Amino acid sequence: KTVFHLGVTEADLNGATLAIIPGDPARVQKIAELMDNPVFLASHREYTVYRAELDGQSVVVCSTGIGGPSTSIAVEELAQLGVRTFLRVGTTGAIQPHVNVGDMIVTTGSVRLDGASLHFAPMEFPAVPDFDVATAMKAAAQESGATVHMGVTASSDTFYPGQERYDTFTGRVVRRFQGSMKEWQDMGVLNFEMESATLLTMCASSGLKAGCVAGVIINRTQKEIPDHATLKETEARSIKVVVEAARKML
């Protein structure tokens, strides 16, 4: 049948029960082309949807847009169409000293600084990935030859104050988030991003398997600026890792 936002049907998916879900529509086709017989399905707003084949099995690639709210729509609609496993892939900025540009982060849990996660489970509930998925992700990341870090990611509804940035129009951060950056750093949190709490919470409380893997393209604590080569490799590595992780899941 046709879902309201993604504009595809269950038949369109060709029995796919796994989706790779990047944030940016413009990464979708690039991820699908690492696989076999990529076919464009639809593009509405931030949702660009392709199907492809991995080891003879149908797999969907669907962008989610920025933030938990746009993500919750994509996940819910893919679930209605029979998708049961969701592999988030991305790039990110680290906030710990020992984490280098080019390294991979597999999320073991997210700090829920979002709003959408609360629409699925109360705050007490752990925003945790599915164990098989994190396990498949770790393995695929290790095999890429990159250094892999397992740990907690802080997941914010904003890019600016929720990540305690002061280089902004007002130069001000609301009380709740003042000092929060140092707080996460001291608690061992690895990186910030903006969709994982919502994805992990909704899936963990709804019988869907999910997980997040991200290549580090910047370390926010270091002045040294990464060269373009290292960045291109990292983006390339990120998406090969998630496809290889998808392979392990099948």
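Don't overthink the numbering: it's just position in the shown sequence, from 1.
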query: Across other compared entries, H228 missing in at least a third; finding: yes
query: Of 138-146 and 159-167, the one with larger mean CA B-factor; finding: 138-146
query: Stretch exceeding the other in mean C-alpha B-factor - 93-101, 173-181; finding: 93-101
query: Modelled-residue ranking by C-alpha temperature factor, third containing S63; finding: highest
query: Ranked C-alpha temperature factor of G56 among modelled chain residues, by third; finding: highest
query: Third of chain Cα B-factors occupied by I20; finding: middle
query: Entry-reported Cα temperature factor of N219, expressed as the chain third it lands in; finding: middle
query: Chain thirds of CA B-factor: placement of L190; finding: middle
